[PDB]
Number of protein chains: 2
Amino acid sequence: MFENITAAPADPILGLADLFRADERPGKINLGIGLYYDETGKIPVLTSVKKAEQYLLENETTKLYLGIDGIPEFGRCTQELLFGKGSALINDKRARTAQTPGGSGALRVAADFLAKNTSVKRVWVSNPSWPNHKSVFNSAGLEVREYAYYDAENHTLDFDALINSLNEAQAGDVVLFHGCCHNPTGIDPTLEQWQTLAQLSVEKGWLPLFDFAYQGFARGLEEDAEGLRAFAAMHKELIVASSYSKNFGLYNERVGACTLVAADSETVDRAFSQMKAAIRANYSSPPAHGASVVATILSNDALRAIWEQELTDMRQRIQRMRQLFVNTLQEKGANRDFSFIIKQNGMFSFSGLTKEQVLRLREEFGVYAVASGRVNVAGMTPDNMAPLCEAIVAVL
Amino acid sequence: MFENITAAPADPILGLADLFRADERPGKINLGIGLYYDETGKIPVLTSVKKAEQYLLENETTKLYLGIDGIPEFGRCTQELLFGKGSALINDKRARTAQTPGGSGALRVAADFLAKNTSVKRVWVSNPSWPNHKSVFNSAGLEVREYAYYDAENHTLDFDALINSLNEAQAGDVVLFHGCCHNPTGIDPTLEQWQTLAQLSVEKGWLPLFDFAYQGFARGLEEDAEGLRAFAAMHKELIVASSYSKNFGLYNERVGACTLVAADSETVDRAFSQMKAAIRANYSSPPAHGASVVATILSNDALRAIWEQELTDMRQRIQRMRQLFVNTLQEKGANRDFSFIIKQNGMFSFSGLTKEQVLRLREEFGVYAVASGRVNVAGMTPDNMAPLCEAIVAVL
Ligand SMILES: Cc1ncc(COP(=O)(O)O)c(CN[C@@H](Cc2ccc(O)cc2)C(=O)O)c1O
Ligand SMILES: Cc1ncc(COP(=O)(O)O)c(CN[C@@H](Cc2ccc(O)cc2)C(=O)O)c1O
């Protein structure tokens, strides 16, 4: 049976890892995958989480199957964190949430729900975009089409080119928006541009699906949900695929949520029921550990207090490593003017290096960036800066 | 968008939980979902588990993304428990293993891999079978045909209707077997009956797909893997969906595995890149806790030793709950002769009860079995024995 099977091509991102993990060179830097690092070059486990885990250790009496929808309380929490204190979405009981294996699994769940229970045939995804967006959607049968976004020549959001693109989307189409910290550009639309698309997309008849894997690294919690919050006000229906792998450091435990919002509760209920079935034929029920951490924390004032500060801390060191990055570039002999890098939010930076640059940075200096020229600021440290900035400077 | 969505009818097993949960009558018993219970009727967390968790607590420095295929250890270990320490398979590097969100997720990973890369068209699954095999396979767009298996009248494995109903299996079809502990019958083919099927399947050109989710509750670890190991000798190609949910009480952390057998290293290799690819479009990478807890315990002679006993002890108490069940049954009324029960393996028993019988125990006595009339031995205790045996008796 498998004599004919053909070797697939590796994950452009995740596959880099393997590569990295294999060079035996000394000074190898890894600006690949989006991992938050600390000053001392490591991927710590936050403190609020070890505290959460200890609590679990001494408190857990069973490993009982969770519901298909996970821990209720983790849901309440995701919602509040998503919509706000006493939103009508919550007051109206218009949202139903499901704990899933990461934000990558909230996607896959969404798209099996859409295709099986809807008339959705197409999903529009920005250009550029997170390479897995397509494969996820494709796998559920859906067609993926791309809209314009990124003004190369000037490092922004080309609004009108964006708008003009989406004028080709039929009603009933699904439009895919990154909540904040666009991956991999780092550019995000103002509150007005969100208010815009918000009105538009309502008139145009689109289904908006928000990929929110970074609440907290742009400006902060409550303010990084604005776009999303503008949308909710308008729409009767929407879907959000959220991740807690970056803001809780829980990468390998897989914590995320799939939120569904309908016109009302009777609906949402009916609709949610089908979502479950989508799960039940996938993985059945979600993993406990990681999500129980999340609720525990979000539920406790002290622990929360602690986590929030851990967050703002992660964010601030990033904002720091970015200023530091250009400065040194500048101070190191860099052709281009990189200051547009200080206009990008989140863990990355859409560098501007060509495929052959990124290819050379690696074979020749041991540096590791995604071929799009995506660079992970969070992987930058005062101890690697110089050497880093020197290789780049040599390849430019 | 969601205005015409048809509510779905709930999972037949998990759905039962909901009902149990919301029921308020004091003496309610729950013989539904396959969860191991203790003398006092709790679903305790194994000592070897707690122990390994502690270890992780103290020693975990990171939550870094696992690989697509998970913890190498975890795999290396799974194949061993699957094929046996010395096995050629291992020595021939013909197996590849991916850590997954349970036995469910492995099933699904199997389906999405087949579907997408094989030209497999139909999957054959017993009658009766576990109700999710269908849903899983369908959702991958596969045809589910049934083979015959259980001989009601004398409660047994009719090898005859078995062999005859599979005569229509086609070459390239996929035959699906429960390695041991048949859910929901509890009847298994003998090493001989196994030796034979292995012979056919070869001769008739089938892809066997083993569903192993209870290794250790029949006879014991190595004993229960006979059928599988017989197959492994003959076959060149094989698929195995394993789960640790029951033998390690890890129900809610989703731990199981998917093993791919091929003729050679190169093959399995190519063929596994494809599998990974299928993983990347679903959930990305596996959840770490639970699996880490398994490699921990299986790589440590000591905790291992502690493990193998908690298991042995779970089995023993089950077998005791069996012989006590019939004993109290007879000794309490019973027209029927339930003596065939003692001949079933694992947590359940195909009771021989009526749809309308289980509807009444539930409604009138708080008892909770599945509709097929499948009862959990494991959810039986010395304290509840009487009261259950009374209602069952009053509905005969
Ligand atoms: C925008 C975006 N959305 C979702 C995800 C996946 O999040 P999880 O919660 O499932 O981890 C990511 C992840 N992006 C990171 C990490 C990653 C993970 C898997 C694969 O295949 C590739 C990358 C990244 O490297 O950009 C998003 O970025
Ligand atoms: C026969 C069978 N095969 C596989 C599995 C996989 O369970 P995992 O928890 O490892 O994924 C099971 C488990 N079935 C139990 C519990 C259950 C699980 C999911 C759903 O939807 C319903 C019940 C059972 O009671 O049969 C098998 O049983």
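Residues numbered from 1 in each chain as written, not as in the entry; some residues may be left out. Chains lettered and ligands numbered in written order. Heavy atoms only, no water.

> So what about the relation of the copies chain A and chain B? Which residues, and what values?
When chain A is fitted to chain B, the residual RMSD is 0.3 Å, and the transformation amounts to a turn of 180° plus an axial shift of 0.0 Å. When the rotation and shift are considered jointly, the pair of chain copies conforms to a two-fold rotation axis. The residues that chain A uses at the interface reappear at the interface of chain B in 97% of cases, marking a shared surface. (Least-squares fit on C-alpha atoms. Contact = heavy atoms within 4.5 Å.)

> Describe the pattern of salt bridges, and please don't skip the residues or the numbers.
One pass over the full model with this rule turns up 38 salt bridges over all chains. As a salt-bridge pair, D269 of chain A and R96 of chain A come within 2.9 Å of each other at their nearest N and O atoms. Of this pair, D269 of chain A sits in helix α10 (residues 265–280) while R96 of chain A sits in strand β1 (residues 95–100), and the two are 173 residues apart along the sequence. Where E253 of chain A meets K63 of chain B, a salt bridge forms, and the shortest distance between an N and an O atom there is 2.9 Å. With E253 of chain A in the loop between β8 (238–243) and β9 (256–261) and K63 of chain B in the loop between α2 (47–59) and α3 (72–83), this pair bridges two chains. Of the two residues, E253 of chain A and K63 of chain B, neither departs from the other in class, the shared state being buried. Overlapping salt bridges, with partners in common, bring together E53 and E253 of chain A together with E60 and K63 of chain B in one network. (Salt bridge = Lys/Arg side-chain N within 4 Å of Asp/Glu carboxyl O. Helix = DSSP H or I, 4+ residues; strand = E, 2+ residues; numbered from the N terminus. Buried < 20%, exposed > 50% of the residue type's maximum accessible area, 1.4 Å probe, protein only.)

> Give a description of the sheet that holds strand β1 (residues 95–100) of chain B that names residues and reports values.
All names here are of chain B. Reading across the sheet, the 7 strands line up as β1-β9-β8-β7-β6-β2-β3 and stay open at both edges, with mixed pairing between neighbours. At either end of the open sheet lies a strand with only one pairing partner, and these are β1 and β3 (143–145). Averaged over all pairs of adjacent strands, the angle between strand axes in this sheet comes to 20°, irrespective of strand direction. Strand direction decides the pairing type here: strand β7 (residues 207–212) and strand β8 (residues 238–243), joined by 4 bridges, are parallel. Counterpart to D211 in the pairing with β8 is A241. Sitting on the sheet, helix α5 (residues 102–117) is in contact with β1, β7, β8 and β9 (256–261), with an inclination near 155° to β8. (Pairing = 2+ DSSP bridges. Axes fitted to C-alpha atoms, helices over the stretch in contact; angles between N-to-C directions.)

> An account of the environment of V358 of chain B is requested, with residue identities and associated values reported.
Residue and element names in this part refer to chain B. Here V358 lies in helix α13 (residues 355–365). What makes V358 buried here is its relative accessible area of 6%. As a C-alpha pair, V358 and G373 span 15 residues in sequence and 6.2 Å in three-dimensional space. When residues no more than four places from it in sequence are discounted, the contact partners of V358 are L353, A369, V370, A371 and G373.

> Go over the site of ligand 1, please, and point to the residues and values.
Lining the immediate environment of ligand 1, one finds 22 residues, of which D11, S243, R254 and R374 of chain A together with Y65 of chain B sit closest. More than one chain reaches ligand 1: its neighbouring residues belong to chains A and B. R254 of chain A has a polar side-chain atom sitting 2.7 Å from an oxygen atom of ligand 1. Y65 of chain B has a polar side-chain atom sitting 2.3 Å from an oxygen atom of ligand 1. For ligand 1, the protein covers 99% of the area, taking 580 Å² as the surface of the free molecule. (Near = heavy atom within 4 Å. Polar contact = N/O pair within 3.5 Å; in protein donor to acceptor, adjacent residues only side chain to side chain. Areas by Shrake-Rupley, 256 points an atom, 1.4 Å probe, with all protein chains shown as cover.)

> Tell me about the layout of surface pockets, and please be specific about residues and values.
Picture a little ball the size of a water molecule; that probe, rolled over the atoms, points out where space is still empty. In this structure, the largest pocket spans a volume of roughly 1400 Å³. Elements that contribute at least two residues to the lining of the largest pocket include exactly α2 (47–59), α3 (72–83), β1, α10 and α11 (288–299) of chain A together with α1 (14–22) of chain B. Residue composition of the lining of the largest pocket, grouped by class: 25 nonpolar, 14 polar and 11 charged. Every element with two or more residues in the lining of the second largest pocket is listed here: α1 (14–22), α5 (103–117) and α6 (132–139) of chain A together with α5 and α10 (265–280) of chain B. For the lining of the second largest pocket, the leading source of residues is α10 of chain B, giving 8 residues. Residues of the lining of the second largest pocket, tallied by class, amount to 19 nonpolar, 9 polar and 14 charged. (1 Å grid on protein atoms, 1.4 Å probe; cavity = no way out; pocket = protein on both sides within 12 Å on 5 of 7 lines; lining within 4 Å. Points joined across faces, edges and corners; volume = space filled by probe spheres on them. Nonpolar A, V, L, I, M, F, W, Y, C, P; charged D, E, K, R; others polar.)

> An account of the nonpolar core is needed here, citing residue identities and associated values.
Among the nonpolar cores identified, the biggest contains 280 residues, and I239 of chain A together with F83, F113 and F137 of chain B are the most heavily contacted of them. The element contributing the most residues to this core is helix α12 (residues 301–332) of chain A, with 9 residues. (Core = buried A, V, L, I, M, F, W, Y, C linked by side-chain atoms within 4.5 Å.)

> Which residues make up the interface of chain A and chain B, and what are the values?
With 76 residues of chain A at the interface, the matching set in chain B holds 78 residues. Note on chain A versus chain B: buried area summed over both sides is about 6700 Å², and carbon and sulfur give 57% of it. By the criterion of area lost to chain B, the three top residues of chain A are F2, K63 and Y65 of chain A, representing 14% of everything that side buries. Taken together, the links from chain A to chain B amount to 7 salt bridges. Note that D11 of chain B is salt-bridged to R280 of chain A, the shortest N-O span being 3.7 Å. Our enumeration of links across chain A and chain B arrives at 42 residue pairs in polar contact. Of all the secondary structure elements, the ones that give two or more residues to the side of chain A that touches chain B are α1, α2, α5, α6, β9, α10 and α11 of chain A. If one sorts the elements of the side of chain A that touches chain B by residue count, α5 of chain A sits on top with 7 residues. (Buried area = accessible area lost by both parts, 1.4 Å probe.)

> Outline the site of ligand 2, listing residues and values.
In the vicinity of ligand 2 there are 20 residues, among which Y65 of chain A together with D11, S104, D211 and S243 of chain B approach most closely. In this structure, ligand 2 is bordered by residues of chains A and B. With respect to ligand 2, the side chain of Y65 of chain A contributes an N or O atom lying 2.3 Å from an oxygen atom. Side-chain polar atom of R374 of chain B to an oxygen atom of ligand 2: 3.1 Å apart, as the coordinates give it. Protein chains shield 99% of the accessible area of ligand 2, which is 590 Å² for the free molecule. Residue composition of the shell around ligand 2, grouped by class: 6 nonpolar, 9 polar and 5 charged. Each of two domains, domain 1 (11–44 + 316–396) and domain 2 (45–315) of chain B, supplies a minimum of three residues to the shell around ligand 2. (Domains from an automatic or database assignment.)

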